[PDB]
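> Before anything else, here's the structure in question.
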Ligand SMILES: N[C@@H](CCC(=O)N[C@@H](CS)C(=O)NCC(=O)O)C(=O)O
Ligand SMILES: N[C@@H](CCC(=O)N[C@@H](CS)C(=O)NCC(=O)O)C(=O)O
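Chains as they are written, first to last, in this note's numbering: chain A, 93 to 294; chain D, 93 to 294.
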């Protein structure tokens, strides 16, 4: 059975959406309303992913895989000739896992208060301040090489690109950002990235 | 030359501390003050880890590994005879990665606002309600087999055990916890876990 990605336009599921197109694998996509927990076909989303989140990926055996970090590694390992991630058993792969975790916990989850309407503006200010330093730090790494893990685009870039879009949408102040902005411009040119954004009607 | 772990007692660094002992690897440990950013020996911690957090592992080549999720996988892969995680490329490995990410992003990072005095009280209430649901979800999974990933103890259990201790220290409300509680008692009886806790003076 063909892989299916459950997504919501602009959410963190854009990351494995980009990876799927970079990978060349066959897949379909299915949009989810995150409030109603219904998919675009009317189906009950909690019946599919009990965690009620995107992304979730239906594998070719019918089983479900959740968590962006797990999904992009699963995909990249499926197409080793495309080198979307360092091979397993290498120190480089542990560094990739390191950066994937940083993005997931410090960038991605860092945004959570900003997307909750019940969050008092005084705290949002504090939260934005922390993200400033986190992205500024990322900028300092992007000063040393073209992509996050080095000279080549990787699944970690798909994830970073995705959450960096949120920073832009929320007009996040970022102290050091000249390399980050140039990087965002570079990644945005990739045909797979553009195809992902179009398919999500962005 | 042997591996060294930077840690603070009962912090998330307890997780790889446990894994090191479960793994039977030779290693030393070294404590870190998270305010002054000074190790127990004098050194500047920001020199060592610029993100200024524990855990951080010093590998044999002298290099540093950060992010607990990366550290525990590195250690597990080093001792396949101990079967502390499924081997790379297997579906079971992706489910372990999935759980590790859930623990890092949904449980671990969920605690951060609760320990921070700048968090508004009503945001803390929202966070507690979410952790109630997330731990209750974990509890329902633990009804199915002895440990988190199946019948065998794994690095995901070291991590889960570590963050669940915080739930207990805060007396967090968890609606379905009968399986979680039995699990916690079982894990706390493991010789490696006792030695970790004792070495950290807890
Ligand atoms: N730990 C999950 C977090 C996924 C996540 O936060 N998804 C958001 C979209 S950005 C979501 O689905 N929110 C809906 C909800 O939490 O109810 C992962 O890393 O994949
Ligand atoms: N993203 C890191 C988070 C690690 C972390 O938050 N460590 C805490 C201890 S529980 C810490 O060292 N805090 C000190 C600080 O933030 O300055 C990881 O997943 O390993």
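Just so you know, even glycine gets a beta-carbon here, dropped at the ideal spot from N, CA and C.
For residue 177/A, does the three-state DSSP call read helix, strand or coil?
Residue 177/A falls in the coil class under three-state DSSP.
> In chain order, what residues of the same chain lie with their CB nearer than 8 Å to the CB of residue 237/D, ignoring the 5 residues before and after it?
Result list for residue 237/D: 243, in chain order.
> For the alpha helix (DSSP H) holding residue 96/A, just list the boundary residues, first then last.
Taken as a continuous stretch (DSSP letters only), residue 96/A belongs to no alpha helix (DSSP H), being part of the beta strand (DSSP E) at 95-99.
> By how many angstroms is the C-alpha of residue 213/A removed from the C-alpha of residue 120/A?
Looking at the two C-alpha atoms, the distance is approximately 39 Å.
> Quick check: the Cα distance between residue 205/D and residue 204/A, rounded to an integer number of angstroms?
Spanning the two alpha carbons is a distance of roughly 11 Å.
> Closer than 9 Å, Cβ to any Cβ of chain D: which residues of the region 210-240 of chain A, in chain order?
Within the region 210-240 of chain A, the qualifying residues are 210, 211, 212, 214, 215, 218, 229.
> Tell me which residues of the region 157-174 of chain A have at least one Cβ-Cβ distance to chain D shorter than 8 Å, keeping chain order.
Of all residues in the region 157-174 of chain A, 157, 158, 159, 160, 161, 162, 165, 166, 169 have a Cβ within less than 8 Å of some Cβ in chain D.
> Could you check whether the Cβ of residue 103/D sits closer than 8 Å to any heavy atom belonging to ligand 2?
Result yes, Cβ under 8 Å from ligand 2.
> If you measure between the beta carbons of residue 285/D and residue 163/D, is that distance less than 9 Å?
No.
> Which of the residues in the region 184-207 of chain A, read from start to end, lie with their CB under 9 Å from any CB of chain D?
Result list: 185, 186, 187, 188, 189, 190, 191, 192, 193, 194, 196, 197, 198, 200, 201, 202, 204, 205.
> Is residue 204/D near ligand 2, judged by its Cβ being under 8 Å from some heavy atom?
Yes - ligand 2 has a heavy atom lying nearer than 8 Å to the Cβ of residue 204/D.
> Hey, residue 264/D and residue 224/D: beta-carbon distance below 9 Å or not?
Cβ distance < 9 Å, so residue 264/D and residue 224/D count as in contact.
> With DSSP collapsed to three states, give me the class of residue 157/A.
Reduced to three states, the DSSP call for residue 157/A is strand.
> Just to check, is the beta-carbon of residue 111/D closer than 8 Å to a non-hydrogen atom of ligand 2?
Incorrect: residue 111/D has no Cβ contact closer than 8 Å to ligand 2.
> Please report how far the alpha carbon of residue 215/D lies from the alpha carbon of residue 262/A, in whole angstroms.
Straight-line Cα distance between these residues: approximately 20 Å.
> Which residues does DSSP pair with residue 149/D in a beta bridge?
DSSP lists 97/D, 157/D as partners of residue 149/D.
> Is there at least one non-hydrogen atom of ligand 2 closer than 8 Å to the beta-carbon of residue 147/D?
Yes.
> So what does residue 239/A bridge to, in DSSP terms?
In DSSP, residue 239/A forms a bridge with 242/A.
> Within 10 angstroms of the Cβ of residue 295/A, are there 16 or more other Cβ atoms? Answer buried if so, exposed if not.
Look at the range of chain A in this structure, 93 to 294, and you will see that residue 295/A is not part of it.
> Could you tell me which chain A residues have their CB closer than 7 Å to the CB of residue 181/D, listed as they occur along the chain?
169, 180, listed in chain order.
> Mind checking if residue 129/A is an interface residue toward chain D, Cβ cutoff 9 Å exclusive?
With 9 Å as the cut-off, residue 129/A does not count as an interface residue toward chain D.
> Just checking: is the beta-carbon of residue 97/D within a distance shorter than 9 Å of some beta-carbon in chain A?
Not an interface residue.
> For residue 185/A, list the residues DSSP reports as bridge partners.
Answer is none; residue 185/A lacks a bridge partner.
> In three-state terms, what does DSSP make of residue 293/A?
The answer is coil: DSSP assigns residue 293/A none of H, G, I, E or B.
> If you measure from the beta carbon of residue 139/D to each beta carbon in chain A, is any gap under 9 Å?
Output row for residue 139/D: interface = no.
> Identify the residues that DSSP records as bridge partners of residue 256/D: which are they?
Answer is none; residue 256/D lacks a bridge partner.
> Return the Cβ separation of residue 161/A and residue 193/A in integer angstroms, given the expectation that the two are a contact with Cβ distance under 8 Å.
At roughly 7 Å, the Cβ-Cβ gap stays under 8 Å, so residue 161/A and residue 193/A are in contact.
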